[PDB]
Amino acid sequence: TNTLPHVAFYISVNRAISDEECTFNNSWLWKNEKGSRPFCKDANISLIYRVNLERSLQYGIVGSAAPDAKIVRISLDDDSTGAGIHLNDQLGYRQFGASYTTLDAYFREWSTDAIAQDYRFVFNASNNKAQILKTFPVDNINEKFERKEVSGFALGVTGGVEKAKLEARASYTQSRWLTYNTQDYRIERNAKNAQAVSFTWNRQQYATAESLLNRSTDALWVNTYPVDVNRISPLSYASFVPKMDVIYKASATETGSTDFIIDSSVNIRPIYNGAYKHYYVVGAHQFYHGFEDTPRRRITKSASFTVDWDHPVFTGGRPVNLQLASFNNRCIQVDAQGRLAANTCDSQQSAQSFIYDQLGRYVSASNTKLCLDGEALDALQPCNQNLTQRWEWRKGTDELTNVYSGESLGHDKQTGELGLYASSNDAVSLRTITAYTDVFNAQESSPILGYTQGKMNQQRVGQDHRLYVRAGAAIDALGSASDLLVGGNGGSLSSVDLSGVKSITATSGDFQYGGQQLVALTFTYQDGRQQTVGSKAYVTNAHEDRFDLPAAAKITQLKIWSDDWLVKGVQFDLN
Amino acid sequence: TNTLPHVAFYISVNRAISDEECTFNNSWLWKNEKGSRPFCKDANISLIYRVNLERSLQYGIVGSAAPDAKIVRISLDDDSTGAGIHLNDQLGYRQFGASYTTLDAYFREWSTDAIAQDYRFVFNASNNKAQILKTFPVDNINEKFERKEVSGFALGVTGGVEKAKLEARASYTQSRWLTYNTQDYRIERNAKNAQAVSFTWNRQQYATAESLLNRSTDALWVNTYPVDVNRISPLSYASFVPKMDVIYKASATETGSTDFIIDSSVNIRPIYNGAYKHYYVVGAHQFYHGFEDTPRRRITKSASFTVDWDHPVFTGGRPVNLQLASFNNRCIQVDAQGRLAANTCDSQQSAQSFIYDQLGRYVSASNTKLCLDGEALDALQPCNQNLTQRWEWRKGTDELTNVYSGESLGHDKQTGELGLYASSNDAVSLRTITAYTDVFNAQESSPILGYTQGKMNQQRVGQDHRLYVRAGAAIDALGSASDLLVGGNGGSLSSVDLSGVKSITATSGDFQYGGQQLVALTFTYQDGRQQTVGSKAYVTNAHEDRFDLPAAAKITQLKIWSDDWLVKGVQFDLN
Amino acid sequence: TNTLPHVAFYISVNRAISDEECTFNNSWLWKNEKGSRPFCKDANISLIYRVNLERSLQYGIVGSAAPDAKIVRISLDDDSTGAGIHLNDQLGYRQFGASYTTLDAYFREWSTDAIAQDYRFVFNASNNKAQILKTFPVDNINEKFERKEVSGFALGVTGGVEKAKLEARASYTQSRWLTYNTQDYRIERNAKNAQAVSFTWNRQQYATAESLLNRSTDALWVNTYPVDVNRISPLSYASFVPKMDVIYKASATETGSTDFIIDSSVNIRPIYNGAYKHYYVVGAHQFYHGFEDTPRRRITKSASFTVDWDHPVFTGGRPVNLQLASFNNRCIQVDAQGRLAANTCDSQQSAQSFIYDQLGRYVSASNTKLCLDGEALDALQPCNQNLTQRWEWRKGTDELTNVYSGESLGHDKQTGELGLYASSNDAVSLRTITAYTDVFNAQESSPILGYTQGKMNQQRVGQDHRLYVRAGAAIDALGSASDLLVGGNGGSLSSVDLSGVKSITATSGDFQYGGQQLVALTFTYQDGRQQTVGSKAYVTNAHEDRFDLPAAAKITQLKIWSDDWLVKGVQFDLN
C-alpha cells in the first residue's frame, strides 16, 4: 500500500501472411518472363508489448527530486518480448540458364529467398500534448576508433661473388592504419519530431548482394552456386525479436484524451545475383554483380490504446471507497455536478473512489480539487485548507469524526443521508469501513482495420448510434453525418444502423482498382447475417481482420486515418 | 506462507536406440555393394526437464508493475539438465580399396562414425490460447566485427658496384582486413508462429566433411588416414546436454484446457570422404572431397502434460480448508451447482479448498466469483462487496464471526448444518479450525505412442469406456465411434472394450508396408493375456513403448495426432 | 520530511524549421547558376532540460563536510533527454555534368544532403553573482598513447649454381610506431569566463569532405558516385541527443535576482565534392577534392528562467504554516515591514511560510534573521538566542507554549490577536495546528523573441503598465521611457498601452533590409484584434513565435538583449 501504483496490460499484435503477398518476379533482367512463385513460406508476425502507466511521485509529496509529471511507458525488453517475426526456415534457390542470345551480356540468374532488409518500428502521438522523455537506446552508437601511424626505413648492404659485387640498399616507408567495429544490424533511431519517434534496425555489413560473393570469377565453363549462406546470420532470415523502450511525458495537470499508435513492420527483399560475360585478355570470365534495384515490399500491422488523463491512475495514490455499514451494500456515489447518492458499490467505480491525503481530507478521483467538507455534506466543493475539511480515524473504532468539532460522521438508516452528530441516535448510524479497490484495470483494446496513415479524424458517433458511409467501387469517406464525410466524395451515401451487431468483417489489401485501402465492409449480426459494401473482386493482396463486440453495444466515437483525398483507416471507439 | 506459490514436477524422456536404426550403407559411390553395418554403439537419449506453473502476482494485489497473467514455464538450465544424449565412445573407421576399374575416377572410400549434424528441440501448443512471452536465448547472437584498413607506400633507393648501378623503388599498397568470431554449434532459434517455438543447435565451423581434411593431396602412392579427429570436439559425438528456456503466456481469465508437446530429437549423419585421381601436369594426385549428399536420419521422442486453467495453481494464493471441529473428520464440501455438504476431508480436494482475501471473504477455487455469504449459507453466490460477506478471526479463539452482525458461525452436532448464532446452544457448536493443504500436486504424466505430428484430434471416450479401431495391415483411423474415426478408412472396424486392462503393448517404427506409424497394438490384462491387432512382420526399425495403468481405470478422452490421411499418434487421457 | 528539499520543473524548447532556411546554392564552382533547392526535409529541434534548485546542507546544521552555498543545477542525462534534433531521413544527391569549356578545369559537381558540422550548447549568466562549480564532462579527454620502437637486422647467405655464386646479405632496420584512438564527435568544453561555459560536439574523424572519398581516381571515362554514406554515421545526420551537466554556484548569503540563459543550436553544412581533370603522364585522370570553403549556417533557439535568491527553496528546510484553529481559515500572515495579520491561508504564500529550527524558534522565509519572539508578538524582530524566542510542542496536545514562562500562545475569538496566557479564557483560544505546504512550485517560464545576444538591458515596466517603442522599417530601441530606449534612434517613438492584451505575435528572422532581428510586432487582444508595427515585406528566413498570457496581466519589467547599436532580443517579465 505504501508503494507506487502503476497500470499494466499486454497489448498483442498478430498478422497472418499470405504466400501471395510474398510473390515477386523470378528474375530481374528477365522479370517479364519466367513467371512468378512465392518468396517465403508460412511468414508470420507476432510480438507482445509491455505497457505501464504511472505518475512520477506519490500524491501530496512536495519538492522531491523527481519533477511532477505524467508518464506513458512502452517497453520491449528481457521480461516481455513476445514470439518474434518469421520469414522462412531454409534458403531456397533455383538455376536460370541463358535463354536469349549469348554474345556479350548477362546470361545467368540465381534468385533466392528474401532476407529482411530492415525492421522498422514507428510510434506516434495523436496530438502534441504528449512529449518524448527518455529512449532506452539512448542514441546512435558513437564508435571508438584506432588510428595507427607507422614510419620506418631499411638500410642494407650485400656483398657477393661469382666477379664481385657490392651494393647498399636504402629505403623509407610510411603507412597509416585505420580500424573500427561495426554491428551487422546497427541501431538507428530517428526522431521525426517532438511527438513521434521511430526506430530502425538496418544492415551495415553484408548489406548489399555484392558482398555475398565468395568468388570473383571462374573459367569460361565453371557452373557452381557461390552465393554463400554461412555469411548470412539466421538472425536475419529465420527469426528475430526486438529490444527497445520509448517513454512518453505529458503535461503537469492537463485534462483531455490522446491516442498513441504502435506500428510494427518488416521489409522484405529478394536477392538477384547474375554474371556478365566480361571478355578481357584473360578470357570471357564471369564477374558477378548484385542487383540493388530489386524492389522492396513493406508489410505492416497496427494496434492502439486510448489513455484518459483524468483516469485515477495519475492521481498518484491508491484509492479507497466508503461502504455505508448500516446497509449491506451502499456507498457514497458522487455525480459530476457535485451532489451525492448512496447506491450499489463497485470496485471499478471511479465516481466512487476516494483518496486519503496528508492533511486528513478526502479527494475524489474525478478532480483533484474536488474534496469533502462538513459544513454542507450534500455536495463537494472546491477545496482548500479549511479545518472543517480534516478528518481523523479514531483508534480501534469505526467512527470517522472531524477536527473542527470532534463530532462523528453519521448516516440515516433508511436513506443513508450523512451528517455530523456528537452521538448516534435511533435513526442515525455511525459505523463506516473502507478498503482499497481495483480502479486500475485497462480499457478493452480495439484493433484497427486498414492502414494507420495520414491525419486522424476524430468524430463522435452520430444520432443513430452509428455512422454514414460514402462508398462505391472504392471507399471514399467516413463520418457520422453527410457533411462530416472526410475523404473522397464519389461514393454514394449509405446510412447504416448498427445497434445490435455482433461483429464486422472488413477485407483490406492492395486494392487493384485503386490504392491499398480497406474497401469491403461485411457486417455480421448475432445470427450471422452479412451485409457487404465494396468491391471484393478488384482487390489484390487481401488481408482481413475480424472485429468482435457483445451484441447491442453503443459505440462512442470514431477514428479515421486519412489523407486529403481518401480514408486510410477506420477505428470504432467502443463503450 | 507469504511467498508466491508454484507447482513443479519432473517430466522424463527415455528412449532405447537399436543398432539396426543406426545402419546405413558402407560407402556412397559404392553404396549398392559392400553391405551394411551399425554406425553407432549403444546410442541412448535421456534428458530431464523442469516444469513450473505460476501466476504473475499474488491474489488481490492491484496495480503492481507485473501485469496479471498466466504463465507456463519450461526450463533446462544449471539446476536441472538430466543425463544427456549419447551416440558413441570412439571413432571407428575402415579402409575400402579400389575394386572397379581404376583409370580416372573415385577409387577409395573411408566411412567413419556419425557425428550429430544438429540437435533440434521443438515445442508446440495444442490451440492458440497460449502465447510465447520470453525466451532465455533472447534471440540469435548479433556478432561484433573488426574491419581494418591499411594503406602504405614504399620508397627505396639502392646503389651498387660490380659497373655501377643506381635505382629507386616506389610502390603503393592497399589492404582491408575483416575478422569475426563463430561458435562451433551456434544457437539458432526459429519462431514458426505465435504458438510454437523451435530451437536448433547447428554446426557452423567444421560443418561439412570437406573441412575435416588436414591434407590437400599426396603422391601417387601414399596411403594414410588423414580424416582428423582432433578437430572434432567430443561435444559433437560423445555426449551433450542442452540449455534453453521457453515460457508460455496465457490469457487473463481464460477457462478451458490446453496441451503442450515437448519433442526432443537428434539428427545423425555418417561421413563419406574419398579421393579423385586428378591427373594434372604434376601427376595423378588424389585431391580429397567430402560427400554432403549423404542421407541424414532423424530420431525423435515425445512427452506431454495437460494443464487445467481452472486449477487452483493460478488463483495466486495458498488455499485453506475448514475442518468442522465438532466431528473428527468433516469439511465443508461444495458441489459445482453451489450447494454444500459435510463429508470426509482430503488435502487434495479442490472442491474443498478455499482462499482468504484482503476483504475478509472466502473464495472457492472452483471459480474466483464463487464466494461465501451469510444471508443464505446453504449455497454460494456470485459475490460482491457486501458487508455480510466479510468474516473476522477473533483473537485467541476458534469462533469465526461476521462483520454485519458480529454473530459467530456455528454448525449442528449431528448434521453439521451451518448457521449464524450469537451464542452456542446444546445442539450447535462453534469451534472451527483450518490449515494449508497441498492442492498443488501434478497430474500423472501419460507418455505418447507413435509420432506427434499433424493435427491433433481430441475426442472423449465413447459409451463403452473405450474406443473403436479401424485397422488392417496398417492402422487407418481411431475414434470413439464409427463416424468419429479420423484418418484412413481401409481398415475393418473393431469395437474393443478396455475396462479392466493392466497395460497396452504398442510396437511402432518405420512400417515397411507403409509410412512410419504405430501399427501393432497388444493389450495386456492383469493376468497378462495379449490381444494383438496390426502387422508385426512388415515393420522395420521397430521401437516399442510400454504404457501401464492400475486395473479397471476409466479413461476420459483421447489425443490423436494425425494428418488428413492416417493416424500419426495416439494418447490415452487417464483418470 | 527528514530529507533534503529540491525544486524541479521541465523547461522545453521547440522550433519549427522552414525549408527556406535550409536553401543554399546547388554548386560551388557554379554557385551563380543552377539555381537553388532545399537542403533538408522537415528539420526540427526539440530537447527537454532538467532543472534542480537546492542548498548544500540542511538548515541549522553546522560544520559538515559540504560548505554552505547556493546551487543551480542544469542537467541532460539518462533520466531526461527530450526528443532530439533532426535534419533528414535519407541522403539525397544529384549529378551536375560539365557545362562550360572542358580543357583543364573542374567539370563535375555532386552536391548532397547536409551533415551537422557540430552541435553547440552555450550557457550564460546575466551577472557575476553566479559561478561555475562542477561540469560533468569534467574536462577535455586526455588520451593515452602507445609508442612502439622496433630495431632489427638481417644477416643472410645464399649459394647457387647455374656457374657458381656465393653472396652474403647484411642489413639493419629501424622503425617507430605511434597509435592512439579518436572519437568521431569528440567532446570539447570551452570555458569563456567565470560566468559562462560552452560545450561543443565537433567532428574529428571524417571531418572534411576530402575524407569521404573511397577512390583516388578512375579512367578518363568512368562515371560513378563514390561519396560513401556507410562512412557517415546516422548519429551525424538522422538524429542525435546530448548528454552534459553544468551546475552553478552562488554566494553564501547574497540577496537579489539573476537570469540564466540556455541556448541550443545546430550548425548545418552541405558537402560539395568535385573532380579536376589532372592531365598527367598517366592521362587526364579525375582526382577528387573536397570544398571546405562551403558556408555554414547557424540555427539557434533560446529559453530562460528567473531565480530569486530569496526564494524559500534556499532556506534549506521544508516550511510550515500556522492555521489559527479558532476560525475555519485564518493564518498568521506577516508583511515585509514586520507587522502581522490574520488572513486567508494559502499553500503558496511565502509571507505565510515558517521554519522550525533546532533552537525551537520560528523563522519566516522572508529573511533568515526574521524570527518570532514573545515579549511583543505584534511584529517580528532581528532574532538572537533569547530564551523568550524558544517554543515547545507539548505532547499529545495543541498548545504551543514558550520556555521563558511556560504560558501557552493563544489568540482571540473575533480578531485572532495573539498573546501569551497561562490558561485559556472565554474570549481567547489556544488550539493551533500546522502542516507542510508546497512553497516550491516554479514561476511560469517566459519564452524569448528574437536572438539572445549582446548585453542584456533590465528596465522595469513604465508608468502606463507598458513600454515604449522607437521603430521604423527596422526596430531600433525598446524601453519604458523615451530616454530609456536602448539601441538605435532612427525609429519614431510609439507609446503603446497593453493592459488587457491576450497575446503578442512577433515575427523575426534574417531581416533583409538589415541584420537578423525581430522587426514585426503584432499585438493580439482577447477578441483577436491585431496592431502591427514593423516591416513584414523586407524580412527573409522569417521565424515566428507566439507568446500567450491571461488577459489583463500587469507585466513587471523587461529584458532587452542588445548591442551598442540596436535591440537584439526582447523578453516580458510577467506577474
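Cut-offs and rules
Residues numbered from 1 in each chain as written, not as in the entry; some residues may be left out. Chains lettered and ligands numbered in written order. Part of a larger assembly, values for the part shown. Heavy atoms only, no water. Residues with missing side-chain atoms left out of burial classes, pairs and counts. Contact = heavy atoms within 4.5 Å. Helix = DSSP H or I, 4+ residues; strand = E, 2+ residues; numbered from the N terminus. Nonpolar A, V, L, I, M, F, W, Y, C, P; charged D, E, K, R; others polar. Pairing = 2+ DSSP bridges. Disulfide = S-S within 2.5 Å. Buried < 20%, exposed > 50% of the residue type's maximum accessible area, 1.4 Å probe, protein only. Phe/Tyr/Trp six-rings, centres within 6.5 Å; stacked < 30°, edge-to-face > 60°. Axes fitted to C-alpha atoms, helices over the stretch in contact; angles between N-to-C directions.

For this coordinate set, the PDB header names cryo-EM as the determination method and states a resolution of 3.76 Å.

As recorded in the PDB entry, chain A goes by the name Cytolysin VCC, listed as coming from Vibrio cholerae.

**Considering the interface of chain B and chain A**
If you look at the interface, chain B gives 51 residues, while chain A gives 66 residues. Of all the secondary structure elements, the ones that give two or more residues to the side of chain B that touches chain A are β11 (130-135), β12 (146-161) and β15 (190-193) of chain B. Broken down by element, the side of chain B that touches chain A gets its largest block of residues, 16 residues, from β12 of chain B. Of the residues that constitute the side of chain B that touches chain A, the class distribution is 20 nonpolar, 17 polar and 14 charged. As paired elements, strand β13 (residues 164-180) of chain A and β12 of chain B share 15 bridges and run antiparallel to each other. By the bridge assignment, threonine 173 of chain A is partnered in β12 of chain B with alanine 154 of chain B.

**Notes on the state of the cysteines**
Residue and element names in this part refer to chain A. A full pass over the atoms with the stated rule returns 3 disulfides over all chains. Each sulfur in the disulfide pair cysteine 22 and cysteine 40 lies 2.4 Å from the other. Remark: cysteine 40 occurs in the loop between β4 (36-38) and β5 (44-55) and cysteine 22 occurs in the loop between β2 (11-16) and β3 (23-25); sequence separation between them is 18 residues. Of the two residues examined, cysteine 22 and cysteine 40, each falls in the buried class. Here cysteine 371 stays free of any disulfide, with the sulfur of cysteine 383 as its closest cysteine sulfur at 4.0 Å.

**Side note on the pairing of strand β24 (residues 331-334) of chain A**
For a regular strand, side chains alternate in direction, first toward one face of the sheet and then toward the other. Residues and elements named next belong to chain A. Pairing between β24 and strand β25 (residues 340-343): 4 bridges, direction antiparallel. Bridge pairing in β25 links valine 334 to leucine 340. Linking β24 back to β25 in an antiparallel pair, the connection comprises 5 residues, with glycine 338 at a positive phi of about 135°.

**Brief notes about the packing of aromatic side chains**
All names here are of chain A. Scanning all chains against the criterion turns up 66 aromatic pairs over all chains. With centroids separated by 6.3 Å and ring planes inclined at 75°, the aromatic side chains of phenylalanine 547 and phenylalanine 572 adopt a geometry described as edge-to-face. In this pair, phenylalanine 547 sits in strand β45 (residues 539-548) while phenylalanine 572 sits in strand β47 (residues 567-573), placing the two residues 25 residues apart along the sequence. Overall, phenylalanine 547 belongs to the buried group, its relative accessible area being 8%. Three or more aromatic residues joined by ring pairs make a cluster, and in this case those are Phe9, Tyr248, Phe260, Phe305, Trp309 and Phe314.

**Looking at the sheet that holds β47 of chain A**
Residue and element names in this part refer to chain A. Sheet architecture is open: 4 strands sit in the order β36-β47-β46-β37, paired in antiparallel fashion. Sheet topology places β36 (449-450) and β37 (455-460) at the edges, where each strand pairs with a single neighbour. Pairing of β37 with strand β46 (residues 557-562) involves 6 bridges; the strand directions are antiparallel. Counterpart to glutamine 458 in the pairing with β46 is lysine 559.

**A few points about the sheet that holds strand β20 (residues 272-279) of chain C**
Think of a sheet as strands paired side by side through backbone hydrogen bonds, with each pair either parallel or antiparallel. Residue and element names in this part refer to chain C. In space, the 4 strands of this open sheet follow the order β8-β9-β20-β21, with antiparallel pairing throughout. The open sheet has two edge strands with one neighbour each: β8 (93-96) and β21 (284-290). Strand-to-strand twist of the sheet, defined as the mean angle between neighbouring strand axes without regard to direction, takes the value 20°.

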